[PDB]
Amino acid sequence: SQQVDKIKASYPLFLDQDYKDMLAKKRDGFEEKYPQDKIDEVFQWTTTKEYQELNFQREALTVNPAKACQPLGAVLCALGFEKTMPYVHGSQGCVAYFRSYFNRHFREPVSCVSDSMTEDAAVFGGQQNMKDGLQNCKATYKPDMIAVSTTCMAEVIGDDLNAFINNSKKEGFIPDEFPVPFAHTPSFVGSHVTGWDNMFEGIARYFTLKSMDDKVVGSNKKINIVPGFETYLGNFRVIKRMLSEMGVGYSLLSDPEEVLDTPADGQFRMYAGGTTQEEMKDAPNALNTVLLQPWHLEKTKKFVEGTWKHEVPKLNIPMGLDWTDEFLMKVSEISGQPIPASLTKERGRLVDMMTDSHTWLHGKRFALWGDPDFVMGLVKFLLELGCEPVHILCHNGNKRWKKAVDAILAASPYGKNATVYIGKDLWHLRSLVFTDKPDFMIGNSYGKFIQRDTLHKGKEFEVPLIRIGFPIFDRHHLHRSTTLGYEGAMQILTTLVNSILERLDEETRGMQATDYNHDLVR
């Protein structure tokens, strides 16, 4: 039943007695459900060290991964170029998923096409799908560039993208000079970040490999910036802001910030902003190229060093105090521009905030996950804050990266109780937060289910989630935030300390029980 003045949605409608009784009857009559005592017993067992040991012995099963597949990253990369349509050669189901995944994180349209290969293409390949697909896409959506990646069907069948695109041009389906950069992006290799690297290097090659003879390093007086897979609008923005404030000429290569933030003013804009083709063609003339997320830009790095002859600096992601300082100092050296008063002051405001908040942050224990560069920058900043990053999980991390993070942990006393895990998933992490309970998790929305599980053991075992990373689907507008630079460090610090204080207020809210410590001032 409903009362028209106070309509109930699923929660709390199904808590009404009639629904409760109905659901009990369904269970008892037809579900042949395990007894509650047995459910409780098994749940308790899944919180134990014994279960954790079995869990960490898995070799074949993955549960609740913390990564996605290559073409997702190729699509995001492609979206960062002016009037560019991402195009995934292969199966259309994949594209529905990529679009939906990004739609839910950004709360924005996400344009991408498929060439809708079907079973029939297993006999001799997707060449005709490429020809008609490119022609149809160009005519219908009027991009100035089509950036081609692949789904796993196309990779398994072995379609030669280069040959297929070349034949499309030879036979008149798309113009000879129309830009169709490409990359093979097999979903059974690496992860979404690898697809970004692959796509970017493919675009960079397309615009520069054959034209290198007239290029002169430094002749355009700019620094190229390659952001990698990046899902915070504030991160593109802060980098551009800082470089502009320093008077540094730059080119941001792959810049989706406009197309992921168009205004609601009565028209849909399929394309907005983005890196221009002129910027990509001119990129070898830069002084140098800086990689913001080097641990997933290795293929790009080889191309920029080997072909453009840029001496790419060894910089970490610019997260936290020390690594933002290092980024700005290196940009200053390359460009000849001094670090200006505005940035020096901003730095000092971050340091002030660290001094203000250090007593609540000190010794706080975190579990965290995400992509490799994000994770190591978060680890570094946590150490700078006097926090302990005890469970560090990067499903898509590698051995070399793990060695680098272990070295960072070694350089601080705050790293003593920390372990780095690679190849492990959120069902592994769930065990760690039961057996070696931290104060908080820092992670994406999939962490909410871990928080739920911990609360079920009891309130005293609950590990609250702090949402930083990708995807974030259960809060609105967090994609507008910043994690890079001093601005990002300020945002992260603020979020962490206020999560601590919110939880302390919850724990001290009990009248005549714990509210002796429900202080007005903290």
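All residue numbers are counted from 1 along the displayed sequence.
Visitor: Read off the CA B-factors in the entry, average them over 117 to 125 and over 270 to 278, and name the higher stretch.
Guide: Comparing 117 to 125 with 270 to 278, the higher average CA B-factor belongs to 117 to 125.
Visitor: So which stretch wins on mean C-alpha B-factor, 130 to 138 or 210 to 218?
Guide: Comparing 130 to 138 with 210 to 218, the higher average CA B-factor belongs to 210 to 218.
Visitor: Using the temperature factors in the entry, find which of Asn398, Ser357, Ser187, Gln293 has the highest value at its Cα atom.
Guide: The record points to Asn398.
Visitor: Which listed residue, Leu383, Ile203, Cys152, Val312, has the largest C-alpha temperature factor in the record?
Guide: Among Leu383, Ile203, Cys152, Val312, the PDB entry lists the largest C-alpha B-factor for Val312.
Visitor: With respect to C-alpha B-factor, does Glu177 fall in the lowest, middle or highest third of the chain as deposited?
Guide: According to the entry, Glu177 has a C-alpha B-factor in the chain's lowest third.
Visitor: Against its chain's modelled residues, does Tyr34's Cα B factor rank lowest, middle or highest third?
Guide: Its C-alpha B-factor, which the entry lists for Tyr34, ranks in the middle third among residues of this chain.
Visitor: By the record's CA B-factor, is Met511 among the lowest, middle or highest third of residues in the chain?
Guide: According to the entry, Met511 has a C-alpha B-factor in the chain's highest third.
Visitor: C-alpha B factor of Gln52, ranked within the chain: lowest, middle or highest third?
Guide: It belongs to the middle third of the chain when residues are ordered by C-alpha B-factor.
Visitor: Which third of the chain does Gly158 land in by C-alpha B-factor: lowest, middle or highest?
Guide: Answer is highest: the recorded C-alpha B-factor places it there.
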